[PDB]
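Structural description and commentary
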There are 4 protein chains.
Amino acid sequence: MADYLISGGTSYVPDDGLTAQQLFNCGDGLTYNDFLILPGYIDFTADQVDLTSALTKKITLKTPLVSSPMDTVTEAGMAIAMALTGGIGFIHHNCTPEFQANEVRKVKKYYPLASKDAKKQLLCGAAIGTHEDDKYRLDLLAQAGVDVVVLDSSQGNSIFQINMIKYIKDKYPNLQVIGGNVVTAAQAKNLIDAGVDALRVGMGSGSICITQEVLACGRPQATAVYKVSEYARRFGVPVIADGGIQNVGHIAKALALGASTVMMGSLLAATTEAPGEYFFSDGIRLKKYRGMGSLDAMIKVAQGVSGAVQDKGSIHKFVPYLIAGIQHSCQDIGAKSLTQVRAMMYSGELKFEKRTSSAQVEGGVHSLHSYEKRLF
Amino acid sequence: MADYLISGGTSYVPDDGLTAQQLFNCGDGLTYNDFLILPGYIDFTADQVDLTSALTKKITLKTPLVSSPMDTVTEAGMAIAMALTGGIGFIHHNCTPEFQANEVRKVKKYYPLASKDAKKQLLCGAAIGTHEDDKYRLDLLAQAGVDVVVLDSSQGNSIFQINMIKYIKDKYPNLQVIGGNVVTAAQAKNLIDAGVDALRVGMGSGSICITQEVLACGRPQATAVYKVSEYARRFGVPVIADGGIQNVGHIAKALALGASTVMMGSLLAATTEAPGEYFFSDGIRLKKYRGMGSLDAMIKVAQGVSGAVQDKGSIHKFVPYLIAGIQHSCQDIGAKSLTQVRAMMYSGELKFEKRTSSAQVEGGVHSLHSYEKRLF
Amino acid sequence: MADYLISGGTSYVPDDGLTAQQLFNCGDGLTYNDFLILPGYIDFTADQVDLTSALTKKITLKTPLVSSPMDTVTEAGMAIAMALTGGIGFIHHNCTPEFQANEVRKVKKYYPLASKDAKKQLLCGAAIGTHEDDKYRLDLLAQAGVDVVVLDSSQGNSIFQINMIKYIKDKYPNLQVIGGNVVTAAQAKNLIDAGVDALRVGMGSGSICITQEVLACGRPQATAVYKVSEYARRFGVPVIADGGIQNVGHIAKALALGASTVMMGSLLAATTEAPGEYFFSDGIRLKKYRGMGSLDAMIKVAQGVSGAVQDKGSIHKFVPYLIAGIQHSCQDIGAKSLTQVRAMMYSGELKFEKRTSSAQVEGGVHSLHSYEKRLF
Amino acid sequence: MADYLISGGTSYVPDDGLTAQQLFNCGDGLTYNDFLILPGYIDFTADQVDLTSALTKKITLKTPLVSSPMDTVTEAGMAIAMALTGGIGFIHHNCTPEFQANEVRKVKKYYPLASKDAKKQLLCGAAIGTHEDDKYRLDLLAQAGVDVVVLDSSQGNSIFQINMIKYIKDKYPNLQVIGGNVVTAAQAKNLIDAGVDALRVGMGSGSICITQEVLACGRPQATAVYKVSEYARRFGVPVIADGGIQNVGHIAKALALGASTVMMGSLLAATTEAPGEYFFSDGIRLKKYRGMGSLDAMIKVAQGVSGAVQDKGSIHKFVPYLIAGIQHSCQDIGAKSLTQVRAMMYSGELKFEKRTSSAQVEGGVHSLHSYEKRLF
Ligand SMILES: NC(=O)c1ccc[n+]([C@@H]2O[C@H](COP(=O)([O-])OP(=O)(O)OC[C@H]3O[C@@H](n4cnc5c(N)ncnc54)[C@H](O)[C@@H]3O)[C@@H](O)[C@H]2O)c1
Ligand SMILES: NC(=O)c1ccc[n+]([C@@H]2O[C@H](COP(=O)([O-])OP(=O)(O)OC[C@H]3O[C@@H](n4cnc5c(N)ncnc54)[C@H](O)[C@@H]3O)[C@@H](O)[C@H]2O)c1
Ligand SMILES: NC(=O)c1ccc[n+]([C@@H]2O[C@H](COP(=O)([O-])OP(=O)(O)OC[C@H]3O[C@@H](n4cnc5c(N)ncnc54)[C@H](O)[C@@H]3O)[C@@H](O)[C@H]2O)c1
Ligand SMILES: NC(=O)c1ccc[n+]([C@@H]2O[C@H](COP(=O)([O-])OP(=O)(O)OC[C@H]3O[C@@H](n4cnc5c(N)ncnc54)[C@H](O)[C@@H]3O)[C@@H](O)[C@H]2O)c1
Ligand SMILES: O=c1[nH]cnc2c1ncn2[C@@H]1O[C@H](COP(=O)(O)O)[C@@H](O)[C@H]1O
Ligand SMILES: O=c1[nH]cnc2c1ncn2[C@@H]1O[C@H](COP(=O)(O)O)[C@@H](O)[C@H]1O
Ligand SMILES: O=c1[nH]cnc2c1ncn2[C@@H]1O[C@H](COP(=O)(O)O)[C@@H](O)[C@H]1O
Ligand SMILES: O=c1[nH]cnc2c1ncn2[C@@H]1O[C@H](COP(=O)(O)O)[C@@H](O)[C@H]1O
C-alpha cells in the first residue's frame, strides 16, 4: 500500500495554470473576456449538474439567473416568467409607489424549477430608492409582502443607505435587503457591518453605463466580483454580479469567480416579457432598452444612455439555453455543483489563465468569409 | 590550442532573446501571432531540410500536415490527396458507421512523399466518438483496417474516454489512438497514463470554435501546445496542434513550440477535395465550412458556427507551398530538421521574443494605399 | 442553507504563510534550521497519531526512523533493536562479505511496533557496493535472504549503479533496491527509469561529510528532500533523507517536506547497540563515530572525517522519545497521519515560513546565564 | 523511431537548479563557500579525467595549479617543484633584479606531467613591476629567457600598465604578459584591448589582503572570476583566480566558474620548497607568510599583513592530492575535461545553487564532540 502512503488518494496533478489570487493580485484590471478558465477532470454527465445557488442568507434559488430592475427590462411579467424557471426578478422603482405595489401584488397572486415560498407563492423581489420619501414606498411593499429588496444606488457606500438599512432591520426583521453597488472591499465592509444580507457588485461595467467615462469611478467587473466575493464570504454573504454580460460565457465565468447569482440586464432585455412593445428600424425587430442614469428617467447629470437591442423571443426558450450553458461549463470545468466550483476556485484546485488581445480576437470566429451564428 | 581549451568548440553567442520557458512562465496567455522566433545561423541550402515528423509512437510521416475530421473538410478524397503528399487524414464520424466504413475502405484500396504502410497501402486514419454505441463503429473500422483513430471530444479528460482507451488497448493492441482535446498538463497526464499513443492539443482556439466565448473553457493555443508538448515528451508522446492556423507562419511556429504534427482545419477547407461543391455569393467562389459544435450536426447547446471560406484550388498545388514555407522557416531558424528545431528549442539555443500589438500591426502590410497579396 | 452554498464546508482560512513551492522556488538553498512549519487546527489527541510510513514500494514500516549503514553506528545489534521498534537497519559493507552474511543471518534468526515479515521474521536491510566484485556479496546476501538493499554511493547517477540495478532486477525480482545518493531531479529521473524502488536523498549535508567543502558537490538538504520527493511521487517512489539531523525537529520537518522515511546517522550513533565500546576523554563517556569517506576506511582522496560523539544510552529509551516528538509535531501541525501531513503539504493547506539568522539565534535558548537542556 | 523524432537524443532532464547567469545577476556578491555545484551524470572512471588547462593564448599546462609571486611562498625551488608536476610558478619581484635573474636562470638550467617547452627546458614565469625602472628588470629577464611575465599590481587598470604592455608587445613579440588585478569587466576590456594575453582576476579576497577593509575597493571573488571570465572568452583570453582559496573545493568551483587556471598563494605556503625555514610557536611547526602590501616589503599605507601558517610538507605529496580532488569534483559534476566543465557551465547544462549560512555551517562538520580532519 506504499503508493497510497506517499501522498494519500490525490495523484500528482501538475502545476499548469494560475489560481485566482495570483491572477487578481498582479494589479491589472482584468474583465470577463480577458481571462478564461482551464478545464479539469470530469466523471459525470451533463444533465446531473446541480446549479442550486443562494441569493441572500435565507433565500436560495434553483438557478443563479436574476434580472436587473430597470424600467425597460422587467415588470411583473418577466418576474413571473423567471419565477417559473427558478430565478428571481426585481421591479424597478421608476414609477409611482402604487404602481410598484400593484405590480408586486400581481406577481404573488399568481415546470419543476420552483422558486416559490413556504406557502407556495412565488418568490419575487423589488427595488427601492434611498431618499427619505421611499419609506412610504417600502412600507406599502411590505403590506404587499415583498421578500427581498434592492437598495438600488450608483454608490453603495452612502450614509443614507446604511441609515436605511438600520431603518428596515429594526422594523422588518424577516425582510431582507440587497446592498450595492460596491466594487471594492472597503464599501463591502461598510455595508456588511450594517447588516446587509447580500451585496450586488459592479458599477460602471454595464451595457448602458458610461459613468466610468463620465464620472471616472468604478472598476473592471471581474476583479470587482472576485474581490468583493472574496471579502464577503468571510461573513457568509452572497454577491450579485451586474453588467458586462453579453453571453452565457460571461455569467459562467462570473459566478465561477465567487459570485453566487448574476444579474442580467441587457441579455434579458428585448424579450416577450419586456415592457413596451417591439418596433422596427432597418427591418430589424428590436425593443428600446434604457437605464436610469439616462436623462429620460423623468441642471442634472446623465450616467446612462437610451438605446435599443434586437429581440430573442420568450425567456422560456431562452433561459433553458442559459442553464444548459452554465451546465456544460460546470461540466468541463469539473465540478458537480456551483458550490463545488467555488470550492475548487478558493481551494486553488481550479486554475485560470490571463489572455492577451490576439488570443481574444482568435477566441471568437476568424479566418473565414461569412458565417451564421445561432446559439440554439 | 588555448582558444579551444577555454570553452570548447562553441563561440560566445551573446544572450539576446528569450528561451521558451522564460516566455511561457510569465503567466500571459500568448498565442501564435503574439510572439515570433528569432533567427540563428544557417550553413545549408533550403532544399535539403528534412521535415520528417512523427504522428504517434509507431507512425512517422514525411510531412507534419494533418487535417481535422469535420464533415465539411475531409473525406476519402482529401485523405488520398494528403496520403499522396506525406500527410494523414481523418474521416469525420458525423455519418452512419457503414458510410465511414466504405469511406475508409475507399482510401486504402487506392510523388515521392510516401506515407504508405509496410504493404504499400496508404496510411489513413479516422475519428470515432466516445459514447457506448461507438464500439459498433470502430470494430467495423478495424475490419476495414484503420491504423490510427482519434477519440474526438470537446473535453479530453472524461471517464468515458479513458474507459474507451482501456477498451481498445486490450482488444486491439496494434491499433493506436489519439486522445484529446487537452490544453493543460493535468489532463495530458490523465490521458497518457491510460495508454494514449499521441495527443491532439487545443480547444476553443479554432476558426469555428466559440466555446471560449460560450463555455468559458479552453486556453490560448500557443501556451497549450508548448506546455502539453513539454509534459508529453517526458513519456515520449507526440502532440497535434489544432486551431488558430491562418497561414504557413502559424504552423511553423506551432511545431517549433514542441508539436510534432499540426492539424489544419480551415486552411485545408474549401479545396477541390473538400465535400459538397462550390457556390457563389457576391461573385466569390466559396465553399461552406462548418464545425460539429454548430447545431447543424444533425434543448441542445451550440459550440460552433456554420459558415464559408473562399477557395484555394487543389492541395497538390497548395501543400507544396506549405512544405516550402516550413522548409524556409526551418532554414532561417537554423536547423536541418524539425527534430533539430525542437532540440534547439528545449536546449535553450533557439530563442523567442514576445511581440506587442503595435509590432503586430506593423508585422503585416502597412503604410500603403492598396496591395495584392498572392502567396504563390 | 445559504451559508453552505457560497463555498461548501470550508471556512475562510486566511492566507497567512507560504506554501512549499513558493518557498523552494525563490532560489535560496534553505536547510532544516532555516525554515519552520506554521501550525494549523487540531481536533484530536496526541496518542492517536499514526506514523505509518513506507520505505519502498512494497515495504511499509510502523515508524519512519531508519539508520545509515556506517561501520561506526549499526550492526545486527541496532538492527534487531530498531526492528523491535518499527524501524529498519542497514548493515555497512565495510567488512568481508562473509561477515556481512553472518551479520544479516544473526538479525533474521532472531513491543507492538512490529516491522517483521509475512513469516514473522524481522525486516532487516543491508548495504552493498557498486563495483563488479560486489555481485559475490549480494548473491550470498540473497542466500541469507535480505529483503531491501542500499546501493550506497557518493554519486547516485553512475553508469555502474544503473547497470547494477539492471543486474538485480532481472535476477532477483522480489528483491528491492535503494538508489542514491541523489540531490536533484535529473539523477532522480535517471535512477527511477532504471527501476529503483526507493531513493535515498542527500549528499554532503552529513555530520561527517566535508565533500561539499572538498569536492564542491551536493546541495542543501531541505531543498533536496523537497525536490527529489516532489519528482519521485510522480512515479510513486518514496525517498529517504540523510544528514543534517541533530534533533527530533529536523526529522519531523524533513519528512514533512515529502520524505517518507528519514535516515539517522549521527543521532543514532553512540548508543549501547553501536559498535566498539565506550571510552573517555575529559571525563565524558563517548564513542567514536566515523564515515566511509574518511581515509580510515581501510593516492586516495578523503570525503569524511573520523571523530566521536557523547552517548545517549539505549535506543529503547531513545526512539520512543523520537516517535513522541514526531507525534507532537504532527499533532500541532494538524494532521492525524504522516500521509495527511504530506497531503496537506502538496495540497497547499500546510504552510511554511522562511526564517532569518536572528530569528534562528532567538529560536533556541537565549538571554540567560546558564541552563540544563534535558530532552527526556 | 518516433521516440527519437520528438526531441532527438537528449532525454527530458528536469529543470532543477540555477544556471550561472541567473545566479550571478541577482546582484548579491557571492563568494566560493556561499554557493555550490549540483551534480550531473557520470559514465566514466575517476582516473581518465583530463585536467589540461590553458595559461595564456599559447601556453597550456597539464594542471591548472599556479602559484602567486610573493616573497614568502615561491622561489626557483617551488618553481622547479611545480614545473615537475605540470603547473607554473612566478618569481616575486621583491628583490634585486640580478637576484631575480639568477633565480630564473636556476629554474631553466634544471614524473609524466611535463610543463616544459619545445626544447625541453622547464616553463617558468616571473613577476615584474610597473614603474619605469622595471624595464631594466625585464630586459635582463628576457636575456635569461623568461616565457610569461605577470604585471603585478593592486589595480590592473592604470595608464602605467597599459603603457608597459605597449612597451613589451612591440619589443618582445614572443614574450607574453599577465595583466591584473581586475575584478570587473570594464578594466578587463581596458587590458584586453591593449593586447593582454591572459588576465589574473581578483583583488582584496586574498588570505593576506585587507585592502577591502582598508581601501574599500575590490569585490567578492566568485562573482569576479565569473564575470571577468565571461567577458574574457569573447576575445579568447584565459583568466587566473587569486585569493579566497582554503581547500581543494574552492579551486574546483573556481575554475568551474570560467577560470582556466587558479593561483594558489596561502595553500601553497609553508611547504618544504617555501622560503626561509620553519620555526616553532606553541609547539606548532609553522613558517611565516607575508604579502607585499604589508609594510615589511622594505608616509606609506599598508594593504596587507605579516603572519604565519602551519606546514603541509612537500608539494610532491600535496599537489597529487589537489589534482585528485579536482579529478573527483570533475567526475561527479559529470565532465571528462575542464573544457567540458566550462562548456557545460556556459551552455546552461551544468547548474548551481545559492547556499545560506545555516547550510554553510552544516556543510562542514557539526553535531559531534571532537574530530580529526586529515585530508590525505
Ligand atoms: N453600473 C451601475 O450599477 C450603476 C451606475 C450608476 C448609476 N446606476 C443607476 O443609476 C440610478 C440612479 O443612481 P443615483 O444613486 O446616482 O440617483 P439617486 O437619485 O438615487 O441619488 C442621487 C444622489 O443623491 C444622493 N442621495 C441619496 N440619498 C439621498 C438623500 N436622502 N438625500 C440627499 N441625497 C441623497 C446620492 O449620493 C446620489 O449621488 C440608480 O437607480 C442606478 O440604478 C447604476
Ligand atoms: N476546439 C475543439 O477542439 C473543440 C471544442 C469543442 C467542440 N469540438 C467539437 O465538438 C464535437 C462534439 O463535442 P462533444 O464532446 O461536446 O459532443 P459529444 O456528443 O461527444 O459529448 C457530449 C457530452 O456527453 C458526455 N459524454 C461523452 N460520452 C458520454 C457517454 N457514454 N455517456 C454520457 N455522456 C457522455 C461528454 O462529456 C459531453 O459533454 C466534437 O466532435 C468536437 O470535434 C471541438
Ligand atoms: N553524504 C553522503 O551521502 C556521502 C557523500 C560522499 C560519500 N559518502 C560515502 O562515501 C562511501 C564511498 O563513496 P564512493 O562512491 O566515492 O566510493 P566507491 O569506492 O564506491 O567509488 C569510487 C569511485 O569509483 C567509481 N566507481 C563505482 N563503481 C565503479 C566501478 N565498477 N568501476 C570503476 N569505478 C567505479 C565511482 O564513480 C567513484 O567515484 C560511500 O559508501 C558513501 O557512503 C556518502
Ligand atoms: N588581492 C591582490 O591581488 C592585491 C591587492 C592589493 C595589493 N596587492 C599587492 O600589493 C603589491 C603592491 O601593490 P601596488 O601596485 O599598490 O604598489 P606599487 O608600488 O606597484 O604602486 C603604487 C602606486 O603607484 C602607482 N604607480 C604604478 N606605476 C607608477 C609609476 N611609473 N609612476 C607613478 N606611479 C605609479 C600605482 O597606481 C600605485 O597606486 C603588489 O605587488 C600586489 O601584489 C595585491
Ligand atoms: O442608467 C444607468 N447608468 C449606469 N448603469 C446602469 C444604468 N441602468 C442600469 N445600470 C447597470 O447596468 C446593469 C445591467 O447590466 P447589463 O445591461 O447586462 O450591462 C444593472 O444591473 C445596473 O448595475
Ligand atoms: O464545431 C466545433 N466547435 C468548436 N471547435 C471545433 C469545431 N469543429 C472543429 N473544431 C476544432 O477546430 C479545429 C480546426 O482548426 P481550424 O479550422 O484550422 O481553426 C479542429 O481540429 C477542432 O479542434
Ligand atoms: O564518509 C562519509 N563522507 C561523506 N558523507 C557520509 C560519510 N559517511 C556517511 N555519510 C553520510 O552521512 C549520513 C549520516 O547522517 P548524519 O550522520 O546523521 O549526518 C549518511 O546517511 C551518509 O549519507
Ligand atoms: O600584500 C598583499 N596585500 C593584498 N593582497 C595580496 C598581497 N599579497 C598577495 N596578495 C594577493 O593574495 C593572493 C594569494 O592568495 P591566497 O594567499 O591563497 O589568499 C595573491 O595572488 C595576491 O592577489
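- Per the PDB record, this model was obtained through cryo-EM at a reported resolution of 3.14 Å.

- As recorded in the PDB entry, chain A goes by Inosine-5'-monophosphate dehydrogenase 2 and comes from Homo sapiens.
- The record lists its title as "Human IMPDH2 treated with ATP, IMP, NAD+, and 2 mM GTP. Filament assembly interface reconstruction".
- One UniProt comment on chain A, placed under Catalytic activity, says "IMP + NAD(+) + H2O = XMP + NADH + H(+)".
- The record in UniProt for chain A states the following under Subunit (literature references left out): "Homotetramer. Interacts with CLOCK; in a circadian manner. Interacts with ANKRD9; leading to its ubiquitination and degradation by the proteasome."

**Thoughts on the pattern of salt bridges**
- Scanning the model with the defined rule gives 44 salt bridges over all chains in all.
- A salt bridge links B:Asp28 to B:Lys354; its shortest N-O distance comes to 3.4 Å.
- What makes B:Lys354 partly exposed here is its relative accessible area of 37%.
- Among the charged side chains, a network of salt bridges with common partners joins A:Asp28, A:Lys354, B:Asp28 and B:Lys354.

**Some thoughts on the relation of the copies chain D and chain C**
- In the superposition of chain D on chain C (RMSD 0.0 Å, axial shift 0.1 Å), the rotation amounts to 90 degrees. Considering both components of the superposition, the chain copies are consistent with a four-fold axis. Taking C-alpha positions as reference, the residue of chain D nearest the rotation axis is D:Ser357, located at 5.7 Å.

**Quick notes on the site of ligand 7**
Residue and element names in this part refer to chain C.
- Residues in contact with ligand 7 amount to 19 residues; listed here are only the nearest, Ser207, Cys209, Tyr289, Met292 and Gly293.
- Here an oxygen atom of ligand 7 and a side-chain polar atom of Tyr289 are 2.4 Å apart.
- At 2.3 Å, a backbone N or O of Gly293 approaches an oxygen atom of ligand 7.
- For ligand 7, whose free accessible area comes to 510 Å², the fraction covered by protein is 91%.
- For the shell around ligand 7, the class distribution of residues is 5 nonpolar, 12 polar and 2 charged.

**Examining the site of ligand 5**
Residues and elements named next belong to chain A.
- As a matter of local geometry, ligand 5 sits amid 19 residues, with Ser207, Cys209, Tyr289, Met292 and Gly293 nearest to it.
- In the environment of ligand 5, an oxygen atom lies 3.0 Å from a nitrogen or oxygen atom belonging to the side chain of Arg200.
- In the environment of ligand 5, a nitrogen atom lies 2.9 Å from a nitrogen or oxygen atom belonging to the backbone of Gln303.
- For ligand 5, the accessible surface in isolation is 510 Å², of which the surrounding protein chains cover 91%.
- Partitioned by chemical class, the residues of the shell around ligand 5 number 5 nonpolar, 12 polar and 2 charged.

Cut-offs and rules
Residues numbered from 1 in each chain as written, not as in the entry; some residues may be left out. Chains lettered and ligands numbered in written order. Part of a larger assembly, values for the part shown. Heavy atoms only, no water. UniProt positions renumbered as here; feature names shortened; annotations may be inferred. Salt bridge = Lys/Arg side-chain N within 4 Å of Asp/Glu carboxyl O. Buried < 20%, exposed > 50% of the residue type's maximum accessible area, 1.4 Å probe, protein only. Least-squares fit on C-alpha atoms. Near = heavy atom within 4 Å. Polar contact = N/O pair within 3.5 Å; in protein donor to acceptor, adjacent residues only side chain to side chain. Areas by Shrake-Rupley, 256 points an atom, 1.4 Å probe, with all protein chains shown as cover. Nonpolar A, V, L, I, M, F, W, Y, C, P; charged D, E, K, R; others polar.

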